[PDB]
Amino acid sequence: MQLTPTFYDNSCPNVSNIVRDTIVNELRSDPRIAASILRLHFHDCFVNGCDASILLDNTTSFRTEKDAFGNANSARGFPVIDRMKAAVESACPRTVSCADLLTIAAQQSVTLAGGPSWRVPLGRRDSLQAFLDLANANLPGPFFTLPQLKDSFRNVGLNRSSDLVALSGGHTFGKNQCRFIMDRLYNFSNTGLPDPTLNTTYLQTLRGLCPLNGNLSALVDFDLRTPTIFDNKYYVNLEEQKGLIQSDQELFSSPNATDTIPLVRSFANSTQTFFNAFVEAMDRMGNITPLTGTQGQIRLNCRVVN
């Protein structure tokens, strides 16, 4: 069954409004939540598709994806998704899947942070199991080279360099732990030197935030220009060698970036160009192997199978 933006227009017409209200409320006390929620949807979609598999907690028969290398001590916002799910369940019982709830939450998060506004396709259903090993295999790492990032996106069904460059724009907001940039700052690829693709002035700033032998869990902003605003500044940073993690800077600096460089420039040059590409890529990501029709179920509690 094809996903459609009007899937809940009769069964739960105010689902998007309930989701939005939940996020607006949470943002007051946790300014990072819109970033966190967008990342949860990306981590959902990259592992068996956008089927809310990531929201499932551990069971004696399958491990939770929350213990994946890319999720443990990193992924967050789970209780906020529970809160919006409970509110939607109250408004429209057994109607909205957690997979769709999370997709709407990610879009509303992006809009609330100043990004584009659009209606996501809906009709996804919820998985009957979680996929820890697949999450370890499929979530890309910040130390990935550009060919590895491309392989990771293609592996899940996003073949286009625009998919990779536009979705990496999620790093226009949110936080990253020092842990993931220590090599870049002090010993990159066993070279014993910082990553030469990191702007030297920014290198100093980052070394001050993440000293050697310092708190690896300290958080740094992905976007030094507008840390919490969803905008195209992320690409302007890359052009100046100011991408935070290796995978960010690789889009502009890798020897394999002949195809991504023009996209980075185009998105730095025009907010509209970036926003259009982001919506298009988000919807392609949101279309990865959904369960639809009668497949899977509308989960009542996102943490457990019905």
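Start at 1 and count along the sequence shown; that's the residue number.
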Quiz item: Of 268-276 and 251-259, which one has the bigger average CA B-factor?
Solution: 268-276
Quiz item: Which has the higher mean CA temperature factor in the PDB entry, 95-103 or 191-199?
Solution: 191-199
Quiz prompt | Deposited CA B-factor, highest of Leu134, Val88, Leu167, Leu185 | solution = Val88
Quiz item: Per the PDB entry, which option out of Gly123, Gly174, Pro116, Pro211 has the greatest Cα B factor?
Solution: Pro116
Exercise. Pull the Cα B-factor of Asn71 out of the PDB entry and bin it into the chain's lowest, middle or highest third.
Key: lowest
Exercise. Tell me, lowest, middle or highest third: where does the Cα B factor of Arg83 rank within its chain?
Key: highest
Quiz item: Relative to the other modelled residues in the chain, which third contains the C-alpha temperature factor of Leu27: lowest, middle or highest?
Solution: highest
Quiz item: Compared with the other modelled residues in the chain, in which third is the CA B-factor of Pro290?
Solution: lowest
Self-check item: CA B-factor ranking of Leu146, expressed as a third of its chain
Solution: lowest
